[PDB]
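Numbering (the working numbering), first residue to last: 116 to 182. For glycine and all other residues, C-beta sits at the position ideal for the given N, C-alpha and C. Worksheet for the structure shown next.
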Amino acid sequence: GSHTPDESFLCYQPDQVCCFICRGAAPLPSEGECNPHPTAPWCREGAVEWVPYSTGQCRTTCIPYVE
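What follows is the structure, given as structure tokens:
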């Protein structure tokens, strides 16, 4: 299934969590979460997020947890 592009999305991996952002994009969620979540208690903090994506916005705040 596909996700709903709008901004920040709570992506999840079997070994890492990442917060992406965008409203007109899409290609990103496939083998893990990235749920519809405009913002969050970390996406705004400031990780290694990018500005340019394949549509207009972008982002890539990742973090290694229990993995």
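Scanning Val181, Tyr180, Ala155 for the CA closest to the CA of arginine 174 turns up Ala155. Only residues of its own chain outside the window of five on either side were considered, and among them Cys126, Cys177 have a CB closer than 6 Å to the CB of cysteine 133, listed in chain order. CA-CA distance, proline 167 to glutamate 122, rounds to 13 Å. Non-local C-beta neighbours of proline 153 in its own chain, meaning closer than 8 Å and more than five positions away in sequence, comprise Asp121, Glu122, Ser123, ordered along the chain.
DSSP places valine 163 in the coil class of the three-state scheme, outside both helix and strand.
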